[PDB]
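In what follows, a structure is listed as structure tokens, so that the remarks can point back to it.
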Amino acid sequence: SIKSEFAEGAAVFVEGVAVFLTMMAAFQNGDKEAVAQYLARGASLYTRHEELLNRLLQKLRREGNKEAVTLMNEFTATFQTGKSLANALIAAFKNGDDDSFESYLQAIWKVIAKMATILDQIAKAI
């Protein structure tokens with residue numbers, strides 16, 4: 001259903017945020033191996049999340065839920081362009097570039113806060 005698939009996608013989001021937080025703390029501790037592992041885990045969450053968001057967006061469009069479709073457009077535009085920041089974070093990791101890595105952590109955290117706010121709004125529109 002729209003409600004159950006929304007909730008499952010929210011759960012993947014929550015997992016993504018949990019991995020992100022552990023990757024930030026691993027960075028602060030200098031733990032190259034843990035960062036590498038969490039980067040890899042975050043990327044497999046992208047594939048699953050994208051499948052869930054696309055199907056839900058289809059389903060909302062087809063029900064004609066204008067408010068929810070508008071909000072999901074905001075969420076999915078943010079998700080898709082956010083991939084560029086994630087790729088830049090990976091690039092910085094391969095470059096052993098701590099300054100850039102830290103700065104893209106900050107940027108991705110802001111994207112996550114914006115996504116969390118939109119998700120709260122979508123919950124109330126379905």
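Start at 1 with the first residue, then count along the sequence.
Ring orientation note: the planes of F75 and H49 are nearly perpendicular, at an angle over 60° on the 30°/60° scale.
Using a 4.5 Å cut-off on side-chain heavy atoms (C-beta onward), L56 and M72 make contact. At a threshold of 4.5 Å between non-hydrogen side-chain atoms, the residues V17 and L21 count as touching. Annotation: side chain of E33 is not in contact with side chain of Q37 (no heavy-atom distance under 4.5 Å). Two residues are said to be in side-chain contact when any heavy atoms from C-beta on lie closer than 4.5 Å; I112 and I108 meet this criterion. The closest side-chain heavy-atom distance from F13 to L45 is not below 4.5 Å. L89 has its side chain out of reach of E102: every pair of non-hydrogen atoms, C-beta onward, lies at least 4.5 Å apart.
How far CD1 of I126 is from NZ of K59: 12.0 Å, rounded to the nearest 0.5 Å. Rounding to the nearest 0.5 Å gives a distance of 5.0 Å between CG of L119 and CZ of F6. Note that CZ of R55 and CD of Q58 are 8.5 Å apart. Values are rounded to the nearest 0.5 Å. Here the straight-line distance linking atom CD of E74 with atom CD1 of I118 works out to 5.0 Å at 0.5 Å rounding.
Legend: residues meeting side-chain contact (heavy atoms from CB on, under 4.5 Å) with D97, ordered by chain and number and at least two apart, are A92, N95, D99, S100. The side-chain contact (heavy atoms from CB on, under 4.5 Å) check on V14 picks up nothing, with sequence neighbours excluded. Every residue two or more places apart in sequence or in another chain that forms a side-chain contact (heavy atoms from CB on, under 4.5 Å) with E50 is listed here: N54, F79, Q80, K83. A search for side-chain contact (heavy atoms from CB on, under 4.5 Å) contacts involving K32 returns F93, not counting sequence neighbours. Not counting sequence neighbours, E51 has no partner by the side-chain hydrogen bond (donor to acceptor under 3.5 Å, both in side chains) test.
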Worksheet item: Given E67 and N65, is the side chain to side chain contact (heavy atoms under 4.5 Å, CB included) satisfied, shown in steps?
Response: CA-CA 6 Å; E67 192 188 357; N65 184 333; 4.0 Å; yes
Discussion item. Set out, in order, the CA-CA distance, both residues' side-chain angles and the distance that settles side chain to side chain contact (heavy atoms under 4.5 Å, CB included) for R62 and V69, then state yes or no.
Written reply: CA-CA 10 Å; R62 199 176 188 274; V69 168; over 6 Å; no
Worksheet entry | Derivation and outcome, side chain to side chain contact (heavy atoms under 4.5 Å, CB included), residues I2 and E63 | CA-CA 10 Å; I2 283 168; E63 234 192 34; 3.5 Å; yes
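Heavy-atom minimum distance, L39 versus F101: CD1-CE1, 4.3 Å. Closest approach of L60 to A68, counting heavy atoms only: CD1-CB, 3.8 Å. Here the closest non-hydrogen pair linking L85 and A107 is CD1-CB, 4.3 Å. Closest approach of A125 and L71 over heavy atoms only: CB-CD1, 4.0 Å.
In this structure, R48 pairs ionically with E8, as a charged nitrogen and a carboxylate oxygen lie closer than 4.0 Å.
Pairs engaging residues 13-30 under the side chain to side chain donor-acceptor pair (under 3.5 Å) rule: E15-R41 [sequence neighbours left out].
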